[PDB]
Amino acid sequence: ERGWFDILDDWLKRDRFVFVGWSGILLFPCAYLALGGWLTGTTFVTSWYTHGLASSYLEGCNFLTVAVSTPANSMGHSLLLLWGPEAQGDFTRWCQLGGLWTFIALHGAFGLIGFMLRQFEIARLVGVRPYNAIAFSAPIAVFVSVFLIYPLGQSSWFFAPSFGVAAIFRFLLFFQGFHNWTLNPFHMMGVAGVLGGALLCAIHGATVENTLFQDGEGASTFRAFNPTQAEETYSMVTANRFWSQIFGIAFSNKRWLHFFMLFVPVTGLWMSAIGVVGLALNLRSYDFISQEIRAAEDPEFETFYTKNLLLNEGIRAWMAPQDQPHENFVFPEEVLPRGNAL
Amino acid sequence: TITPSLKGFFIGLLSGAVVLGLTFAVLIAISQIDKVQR
Amino acid sequence: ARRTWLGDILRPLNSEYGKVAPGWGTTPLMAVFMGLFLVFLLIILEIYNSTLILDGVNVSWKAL
Amino acid sequence: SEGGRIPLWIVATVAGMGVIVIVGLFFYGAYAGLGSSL
Amino acid sequence: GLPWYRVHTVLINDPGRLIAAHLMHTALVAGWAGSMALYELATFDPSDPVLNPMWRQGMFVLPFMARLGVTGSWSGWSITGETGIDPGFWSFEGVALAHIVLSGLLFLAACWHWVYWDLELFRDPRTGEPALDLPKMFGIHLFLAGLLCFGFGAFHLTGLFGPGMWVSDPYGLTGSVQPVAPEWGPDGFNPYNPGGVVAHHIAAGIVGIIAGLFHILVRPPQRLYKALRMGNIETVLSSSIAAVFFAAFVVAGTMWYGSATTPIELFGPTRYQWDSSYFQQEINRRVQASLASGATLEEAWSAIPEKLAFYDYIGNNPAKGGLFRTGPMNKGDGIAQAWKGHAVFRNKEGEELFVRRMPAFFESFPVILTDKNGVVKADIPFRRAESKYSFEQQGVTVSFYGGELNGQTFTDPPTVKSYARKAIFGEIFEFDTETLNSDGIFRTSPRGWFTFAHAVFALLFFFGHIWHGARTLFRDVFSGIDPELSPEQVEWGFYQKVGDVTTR
Amino acid sequence: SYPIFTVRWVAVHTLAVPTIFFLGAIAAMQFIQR
Amino acid sequence: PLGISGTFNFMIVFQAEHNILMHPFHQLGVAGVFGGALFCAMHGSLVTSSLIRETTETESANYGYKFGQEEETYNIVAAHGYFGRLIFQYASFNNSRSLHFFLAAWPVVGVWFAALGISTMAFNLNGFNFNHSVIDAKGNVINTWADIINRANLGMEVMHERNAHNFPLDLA
Amino acid sequence: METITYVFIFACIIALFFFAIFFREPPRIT
Amino acid sequence: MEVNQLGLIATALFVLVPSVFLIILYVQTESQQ
Amino acid sequence: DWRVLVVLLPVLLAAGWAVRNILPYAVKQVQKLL
Amino acid sequence: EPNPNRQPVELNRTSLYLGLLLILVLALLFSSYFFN
Amino acid sequence: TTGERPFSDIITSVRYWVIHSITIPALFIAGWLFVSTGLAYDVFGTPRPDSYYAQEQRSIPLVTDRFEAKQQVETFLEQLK
Ligand code: CLA
Ligand code: CLA
Ligand code: CLA
Ligand SMILES: C=Cc1c(C)c2cc3nc(c4c5[nH]c(cc6nc(cc1[nH]2)C(C)=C6CC)c(C)c5C(=O)[C@@H]4C(=O)OC)[C@@H](CCC(=O)OC/C=C(\C)CCC[C@H](C)CCC[C@H](C)CCCC(C)C)[C@@H]3C
Ligand SMILES: CCCCCCCCCCCCCCCC(=O)OC[C@H](COP(=O)(O)OC[C@@H](O)CO)OC(=O)CCCCCCCCCCCCCCC
Ligand SMILES: CC1=C(/C=C/C(C)=C/C=C/C(C)=C/C=C/C=C(C)/C=C/C=C(C)/C=C/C2=C(C)CCCC2(C)C)C(C)(C)CCC1
Ligand SMILES: CC1=C(/C=C/C(C)=C/C=C/C(C)=C/C=C/C=C(C)/C=C/C=C(C)/C=C/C2=C(C)CCCC2(C)C)C(C)(C)CCC1
Ligand SMILES: CCCCCCCCCCCCO[C@@H]1O[C@H](CO)[C@@H](O[C@H]2O[C@H](CO)[C@@H](O)[C@H](O)[C@H]2O)[C@H](O)[C@H]1O
Ligand SMILES: CCCCCCCS[C@@H]1O[C@H](CO)[C@@H](O)[C@H](O)[C@H]1O
Ligand SMILES: [Ca+2]
Ligand SMILES: [Cl-]
Ligand SMILES: [Cl-]
Ligand SMILES: [Mg+2]
């Protein structure tokens with residue numbers, strides 16, 4: 001049977017400069033629109049009607065301060081389809097109401113699905129095991145938990161991260177002041193995976209480059225390698241002795257070493273995603289009850305835990321009126337928490 | 001009753017069908033023209 | 001292997017391992033039902049989301 | 001027509017200088033007009 | 001030998017011991033439900049469905065029994081406050097006992113199927129190899145699911161032969177188990193219409209009966225059989241896990257936003273009912289109606305039910321808890337005893353003032369009082385030396401209407417400030433904090449815990465689907481790639497079509 | 001010898017064509033006064 | 001401080017007093033460690049995806065490599081053939097030496113910049129300040145996300161070390 | 001109680017370090 | 001300090017149950033030939 | 001709207017200019033693939 | 001009637017050390033939250 | 001190789017530069033005019049420096065209703081005299 005389906009399959013899987021595949025029908029439009037939406041919005045679109053903020057090059061923002069901001073809190077969790085009941089097919093209103101945010105987030109979500117299908121698709125054609133696709137589940141878990149689950153637990157899309165450099169920094173600081181997110185053990189595991197991953201990256205790369213076999217005569221050692229050679233290009237035996245004597249333990253199995261390099265950052269990102277799922281419901285690691293009981297009764301008891309809550313309290317009171325304009329917070333000077341003099 | 005949003009729902013349906021239809025129309029066409037040599 | 005009265009009764013129901021229909025079979029009909037199901041999920045999602053608003057359908061506790 | 005006429009090092013140099021011109025214009029704009037704080 | 005993370009693969013080719021393992025799992029889950037129900041019954045206080053309902057007490061499985069019609073105890077009480085009732089056998093205790101007995105029967109069955117694993121039924125009659133005809137098993141199991149689904153909706157939920165389900169008014173005041181008729185119009189797709197729940201199960205059950213007969217009688221197309229590896233049981237694991245995490249996300253969503261199957265008398269209010277002052281508006285509407293009908297302020301507020309006022313309190317908002325704040329809500333703010341009444345604040349000019357309520361985002365919140373137009377008239381200052389709005393300066397008093405403080409007025413600044421601090425939480429209640437040694441810190445409700453566990457499990461099962469899906473489609477390279485992989489299959493240009501050696 | 005209009009040609013231009021248009025728009029913005 | 005919550009305290013006060021999030025050296029540091037983690041999982045998944053079949057399915061594939069063996073344990077040509085098609089051919093490494101050099105250099109250089117961020121904010125050369133940078137035609141301040149960051153920083157500033165300042169400016 | 005728990009867990013880890021270094025499986029070349 | 005007293009047995013079983021699992025598996029591996 | 005024409009006109013003249021310089025080979029590429 | 005699907009199970013010494021380190025470090029991390 | 005013409009071949013060919021010495025500046029100028037004519041403001045609904053506020057007001061025109069948001073923005077736009 002060589003019908004139209006099989007002929008299409010042939011064409012989609014041609015060896016060209018940019019492989020396409022069946023996955024490409026999903027991947028390429030959604031990735032292109034998410035990126036084009038971010039560039040369009042950060043270049044031309046305001047956040048005046050949703051946040052009270054300028055947010056485009058057109059308005060005078062720079063690369064650090066442009067964003068595609070979330071919709072107004074009054075939109076709830078509306079899909080904000082261009083043809084939906086809020087914008088009603090009006091492209092200009094849609095932009096002013098935050099429609100580009102759901103546009104980027106939803107096309108991005110489906111773009112990510114498409115990229116992971118691409119990893120599966122190419123792996124199956126070339127004949128390799130699909131561990132690259134499996135590792136990519138971690139970025140997907142992060143994207144889905146932070147940009148979709150988290151706001152879906154909260155009051156509206158407004159509290160999702162906005163797509164911009166400084167907007168993401170505000171997101172970090174909001175999470176410290178309101179969620180005490182540094183205290184959360186699921187974030188701590190994520191930090192360990194990310195920093196442990198960076199560590200493994202540096203130490204593996206440096207170890208290989210400094211246990212190389214002399215396989216050529218030049219002082220630039222890059223040339224003395226051939227992709228089809230059968231021999232290891234560096235000495236696992238010498239690498240093992242060096243690290244055993246420097247650090248006490250060392251890898252001896254090169255397959256385990258490289259699985260571990262997959263395992264560590266991937267597991268870390270997955271743990272951080274679980275904690276953010278908790279924060280969707282405000283299910284925080286905010287306090288230690290035993291510390292609070294002692295500190296309430298004993299005004300001489302002070303720890304770095306109680307010091308940090310005072311900082312969180314400052315963050316909340318000083319940023320909430322501007323950061324949450326739909327709430328209409330009016331905090332007179334006299335109610336603002338402040339230490340002496342400052 | 002056909003409310004404005006139900007009308008909008010149909011427009012979204014027709015738009016997506018049209019976009020998918022042209023996409024596969026063009027793809028099937030080109031695949032029939034530029035076949036692989038076996 | 002051990003035969004049992006109940007095993008003999010059920011024998012025909014586990015006897016066609018690997019039996020297929022030629023070619024594409026009913027795949028095109030399957031595709032039609034999938035498309036209808038997709039539109040169905042879209043309808044109930046957008047009702048719940050208040051993106052699709054229908055007469056007499058009040059998406060609120062106030063519908064008891 | 002036939003690829004090879006214009007040497008690549010000249011292409012690279014001209015493309016490089018265009019990048020520097022356009023990025024310098026953007027840094028110029030940080031101190032003038034909108035977004036300059038003035 | 002097998003690594004520790006693969007020990008259960010010994011069942012892949014052993015249908016009888018697979019059934020035994022699946023029987024043991026079912027026995028454990030049924031035993032958990034029985035023992036969880038007995039624990040809840042030993043700790044549940046049935047004596048106050050108004051201010052101490054099950055969802056304040058950390059009850060997790062009790063609301064699921066009540067949702068489908070089990071409302072009474074053999075000891076004579078029901079969850080709706082009735083006494084001297086006879087539930088028959090299907091009390092909370094009879095349900096727990098039935099799950100315990102079922103657990104033990106399934107355990108015995110698991111032993112039989114583990115020992116007598118080599119049954120002729122599991123062998124292909126032509127080859128003699130272990131074999132399961134998964135496409136026909138699917139039609140059989142789907143057919144049974146359709147019958148059960150249909151019968152649940154047609155007999156249990158309608159009351160035709162069965163009790164019905166929990167239904168209530170829009171404010172969760174008068175809930176009970178009622179027979180429910182199907183809704184066949186477009187409102188049956190309204191999540192808050194219990195009628196659509198009945199209609200769904202009747203209609204989806206019939207569709208499942210039909211689709212089950214189809215899948216019993218029609219073999220898979222060769223092209224789908226090959227592409228989905230329908231001879232490999234692990235393909236079923238991959239798609240079953242996908243269906244399960246899909247379902248888990250849905251039940252987490254409907255629990256968080258609310259629906260006809262997650263009533264507030266069983267699981268507590270939703271966070272969104274606080275965000276939009278849902279209960280506060282109903283309370284005000286009723287007080288207007290009384291005042292408009294000539295009643296005094298004290299009569300209007302005293303006519304507000306304590307159960308309705310309790311919903312208008314942020315301590316019952318499931319978005320106010322903490323991950324490691326364990327136990328029932330009663331362990332935080334206490335066991336609610338009584339509505340204190342509605343607090344009305346006035347300044348020295350006699351203007352009525354309104355405390356700004358706490359948004360759910362904030363662990364703490366300043367105390368700020370406005371007039372009807374949102375202008376700040378009083379607050380509790382932090383720095384005193386340039387205070388202009390202090391309660392002392394503005395002569396703020398509080399008067400209570402309804403509840404136990406009905407008719408009283410307080411004027412000393414410290415007492416007035418005390419009640420204003422409580423007023424940021426909504427309506428003010430008296431709590432017993434001594435009985436449980438409550439610590440004064442908010443905990444989430446069963447609505448919150450259910451939602452969290454199921455969103456987390458759904459996300460994790462997504463990884464399970466990816467992993468088993470990959471093992472199904474790449475089984476041939478699970479142990480490594482072909483040692484004789486030709487460099488030409490992976491270098492560019494040798495084949496016109498990637499991976500297709502016939503296109504050199 | 002080589003074709004001119006390929007998939008790669010399309011991929012290149014869907015990115016490069018809007019890029020230059022946007023660079024001209026952003027260059028113009030540097031002369032806007034309040 | 002030498003402690004877990006003490007570290008968080010140091011970080012929060014650092015943000016209030018130097019706006020480190022807006023400093024390009026911290027941003028290069030984040031690229032270093034995000035990128036290092038990405039390339040860690042990348043390299044691990046590519047080598048793992050192209051291990052040469054040396055074992056049966058009931059045993060760990062790790063037993064297919066023997067400490068000290070002369071021959072490489074995975075097929076870099078198949079890894080390159082996969083990854084070159086994922087992106088495009090010239091975005092992929094086929095030289096293990098320069099690949100492993102890139103793995104070394106990217107996190108190390110990024111973390112150098114992070115260390116130099118802290119070391120130069122030590123002399124009070126702080127992150128970018130765009131507070132009130134956007135002004136309308138009349139002169140009203142138009143807030144950007146930078147000004148929202150400033151509100152958060154102020155709340156950290158006024159609360160930290162609440163009893164330690166007697167004069168209005170925190171100059172160290 | 002809680003102090004004893006923290007210090008006990010910590011002490012087990014330091015013991016584990018000792019065995020992992022000095023009583024490891026020797027790497028053996030082939 | 002008023003800690004949650006269940007914290008003790010929770011931590012103890014958290015260490016002991018999985019650690020014991022690993023020790024059983026390890027020791028029966030050494031005892032094989 | 002005249003500003004729409006003012007903006008599209010430089011793009012339209014660029015499309016026609018590239019077509020003039022490429023149509024001989026474009027027709028030749030389409031002919032070869034037939 | 002011996003079942004042919006049985007397989008021996010292994011955990012090598014390095015895996016024991018790695019596993020014990022994971023469990024002890026996770027306990028050291030979560031214990032504070034258990035005591036609260 | 002995958003059959004397409006090498007990039008280094010193309011971008012050093014006189015014909016490439018005959019074509020793109022026109023198409024590149026033409027696109028740049030089109031982008032410039034999209035802003036300089038003011039058309040970008042009206043397509044995307046972005047305020048000009050003189051249209052964030054009315055002359056004496058200092059409140060943001062914040063959207064506060066879901067289904068009348070479109071009319072709210074139009075009302076805010078009228079009030080700019
Ligand atoms: C090809 C991949 C792809 C995918 C997966 C998406 C996905 C999406 N788009 Mg995007 N989009 C794409 C390409 C894609 N788009 C392209 C090429 C363009 C340029 C034209 C756009 C331009 C665009 C805009 C302007 C918007 C979207 C939006 C969306 C979102 C809602 C879509 C929807 O509801 O359609 C529903 C339609 C279908 C599911 C079609 C299926 C048809 C069925 C299967 C067949 C039966 C139909 C039948 C024949 C018709 C009966 C009609 C009759 C009863 C009247 C969704 C995330 C919206 C959004 O992001 O909101 C913020 C939105 O506003 N897209
Ligand atoms: C879906 C599952 C579920 C849900 C939502 C609930 C919900 C509830 N339970 Mg129930 N329970 C369950 C299953 C569940 N239970 C099971 C399976 C059992 C048998 C153990 C129980 C036994 C039980 C008892 C005995 C009690 C409850 C109680 C409660 C109530 C308080 C919950 C609480 O404080 O948790 C606090 C939750 C936590 C502290 C979360 C723990 C987070 C874990 C430890 C993280 C682990 C991370 C891991 C180590 C990391 C791995 C990393 C690695 C992969 C790299 C709440 C209504 C209480 C109640 O009020 O009864 C009236 C009560 O006394 N439950
Ligand atoms: C219906 C669900 C289901 C079923 C019948 C299976 C079955 C299997 N899995 Mg899959 N898997 C699932 C869901 C399922 N899995 C999910 C959700 C995930 C993502 C977390 C995975 C991720 C996964 C991986 C990465 C692997 C498997 C593997 C396997 C195979 C061997 C498992 C084994 O021996 O572990 C033995 C496990 C132990 C001896 C101890 C595990 C202890 C856990 C971590 C903590 C305790 C949990 C607690 C007891 C129960 C809580 C229940 C929970 C639902 C609330 C077996 C075919 C393995 C395989 O493919 O082999 C070739 C394998 O490598 N699974
Ligand atoms: C912020 C940090 C961060 C970025 C920017 C990032 C980026 C990327 N990761 C990729 C891969 C990976 N990352 C991986 C592990 C990790 N990745 C990590 C963190 C990151 N990874 C971490 C911490 C890990 C460790 C687990 C692996 C294992 C891979 C890959 O295999 C893959 C790769 O090929 O790398 C070489 C590439 C996927 C390209 C793609 O999907 O095209 C398609 C484009 C789409 C679908 C558009 C997405 C739209 C997004 C989701 C929303 C909109 C974004 C806007 C356009 C811009 C917003 C910018 C503001 C926020 C400032 C891309 C280069
Ligand atoms: C030359 C300038 C380099 C400045 C920074 C140093 C980068 C390299 C050091 C990383 C150390 C990692 C651990 C050792 C890893 C290790 O062992 O390296 C080994 C590797 C190969 O060693 P060889 O012996 O083959 O070559 C080095 C000498 O022996 C001379 O041949 O060294 C190099 O490649 C040197 C490259 C120098 C040229 C690199 C220039 C890079 C500049 C790029 C621009 C960055 C700016 C970014 C701005 C955002
Ligand atoms: C949204 C939307 C859409 C779409 C659109 C699009 C698709 C767009 C695209 C767009 C684009 C696509 C754009 C682009 C742009 C670009 C740019 C703007 C760039 C710039 C660059 C630069 C500036 C650079 C810089 C640098 C760096 C970065 C580094 C190196 C050096 C230098 C300095 C050079 C549609 C219509 C569908 C519908 C509606 C909505
Ligand atoms: C034999 C017999 C019997 C008996 C039986 C019985 C008595 C049973 C019981 C049973 C039971 C009594 C069961 C139980 C079970 C339980 C379970 C199965 C549980 C599990 C759990 C879990 C799994 C958990 C987990 C967790 C944790 C711990 C922490 C947090 C997180 C989570 C949730 C994960 C009779 C007489 C009837 C008759 C016949 C014979
Ligand atoms: C409180 C927490 C407790 C957690 C409980 C953990 C239970 C774990 C049980 C693991 C059981 C291992 O099961 C054990 O497997 C080994 C091999 O691995 C089998 O051993 C078999 O293979 C070996 C290997 O050559 C032969 O030498 C031996 O003669 C044969 O019996 C044992 O017959 C069985 O007893
Ligand atoms: C100054 C103390 C008396 C003034 C009234 C205080 C507000 S009310 C008070 O609040 C307590 C929680 O803090 C409850 O436990 C208690 O039941 C309730 O009476
Ligand atoms: Ca002017
Ligand atoms: Cl401090
Ligand atoms: Cl000072
Ligand atoms: Mg400027």
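Every heavy atom of this structure was used, including side-chain atoms; hydrogens, water molecules and symmetry mates were not. So you know, we letter chains A, B, ... as the sequences are listed, proteins then strands, and number each from 1. Read the numbers this way: they start at 1 and go in the same order the structure lists the ligands and their atoms.
- Relative to atom 40 (C) of ligand 6, the option among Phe26(D), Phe21(F), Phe103(A), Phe22(F) with the closest non-hydrogen atom is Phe103(A).
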Practice prompt. Kindly determine whether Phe147(A) and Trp157(A) satisfy ring pair (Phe, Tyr, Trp, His ring centres under 6.0 Å), including the steps that lead there.
Written response: CA-CA 9 Å; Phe147(A) 288 85; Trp157(A) 297 125; over 10 Å; no

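- Residue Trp270(A) places its CH2 atom among more than 12 non-hydrogen atoms of other residues, nucleotides or ligands, all under 6.0 Å distant.
- Scanning all protein heavy atoms for the shortest distance to atom 37 (C) of ligand 7 gives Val101(E) CA, 3.5 Å.
- Each of the following atoms of ligand 6 lies closer than 4.0 Å to a heavy atom of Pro18(F): 10 (C), 11 (C), 12 (C).
- Annotation: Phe301(A), atom CZ; neighbour count of heavy atoms from other residues, nucleotides and ligands within 6.0 Å is above 12.
- For atom 21 (C) of ligand 6, the closest non-hydrogen atom of the protein is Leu23(F) CD2, 4.5 Å.
- Ranking the protein heavy atoms by distance from atom 25 (C) of ligand 6 puts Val23(D) CG2, 5.0 Å first.
- Contact atoms of ligand 6 toward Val19(D): 34 (C) (distance under 4.0 Å to a heavy atom of the residue).
- Of the inter-residue distances, the one linking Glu59(A) atom CD with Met29(F) atom CE reads 9.5 Å to the nearest 0.5 angstrom.
- Remark: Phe92(E) CZ to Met59(E) CE distance equals 11.0 Å, nearest 0.5 Å.
- What sits closest to atom 6 (C) of ligand 6 on the protein, heavy atoms only, is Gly36(A) CA, 3.8 Å.
- The distance from atom OH of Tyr41(L) to atom CG of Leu58(A), rounded to the nearest 0.5 Å, is 4.5 Å.
- For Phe91(A), the CZ atom sits in a packed shell: over 12 heavy atoms of surrounding residues, nucleotides or ligands are nearer than 6.0 Å.
- Scanning the protein for heavy atoms near atom 1 (C) of ligand 6, the closest one is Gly37(A) CA, 3.4 Å.
- Within a 6.0 Å radius of CZ in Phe27(D), no more than 12 heavy atoms belonging to other residues, nucleotides or ligands are found.
- Distances from atom 19 (C) of ligand 6 to the heavy atoms of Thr43(A), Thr19(F), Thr14(F) put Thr19(F) nearest.
- At the top of the distance list for atom 20 (C) of ligand 7, counting protein heavy atoms only, stands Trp32(E) CD1, 4.5 Å.
- Against a heavy-atom cut-off of under 4.0 Å, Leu28(E) is close to the following atoms of ligand 7: 15 (C), 18 (C).
- The distance from the NE2 atom of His165(G) to the CG atom of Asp170(G) is 3.5 Å, given to the nearest 0.5 Å.
- Within a 4.0 Å radius of atom 34 (C) of ligand 7, the protein has no heavy atom.
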Discussion item. Please determine whether salt bridge (charged side-chain N to carboxylate O under 4.0 Å, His left out) holds for the pair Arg162(G) and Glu302(A), giving the CA-CA distance in whole Å, both sets of side-chain angles, and the decisive distance to 0.1 Å.
Written reply: CA-CA 13 Å; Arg162(G) 65 203 177 287; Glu302(A) 185 166 23; 3.1 Å; yes

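- Contacts of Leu35(A) with ligand 6, taken as heavy-atom pairs under 4.0 Å, are absent altogether.
- Taking atom 4 (C) of ligand 6 as the reference point, the nearest protein heavy-atom neighbour is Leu33(A) CD2, 4.1 Å.
- Ranking protein heavy atoms by distance to atom 38 (C) of ligand 7, first place goes to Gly104(E) CA, 4.8 Å.
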Practice prompt. I would like to know whether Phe34(L) and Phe21(F) meet ring pair (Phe, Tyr, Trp, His ring centres under 6.0 Å); could you show each step before the answer?
Written response: CA-CA 9 Å; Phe34(L) 186 57; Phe21(F) 179 96; 5.6 Å; yes

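- For atom 31 (C) of ligand 7, the protein comes within 4.0 Å by no heavy atom at all.
- Every atom of ligand 7 with a heavy atom of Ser103(E) under 4.0 Å away is listed here by number and element: 10 (C).
- Below 30°, between 30° and 60°, or above 60°: for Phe103(A) and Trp94(A) the angle between ring planes is above 60°, a perpendicular geometry.
- Counting heavy atoms from C-beta outward, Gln176(A) and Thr182(A) have side chains that approach closer than 4.5 Å.
- Annotation: atom 7 (C) of ligand 7 to nearest protein heavy atom, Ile100(E) CG2, 4.1 Å.
- Protein non-hydrogen atoms do reach within 4.0 Å of atom 16 (C) of ligand 6.
- In terms of protein heavy atoms, atom 5 (C) of ligand 6 is closest to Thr40(A) OG1, 3.8 Å.
- Using a 4.0 Å threshold on non-hydrogen atoms, atom 13 (C) of ligand 7 counts as touching the protein.
- When distances from atom 10 (C) of ligand 7 to the protein are checked, a heavy atom turns up under 4.0 Å.
- A tilted orientation is assigned to the rings of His18(G) and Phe14(G), their planes being inclined by 30° to 60°.
- For atom 39 (C) of ligand 6, the closest heavy atom belonging to the protein is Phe91(A) CE1, 3.6 Å.
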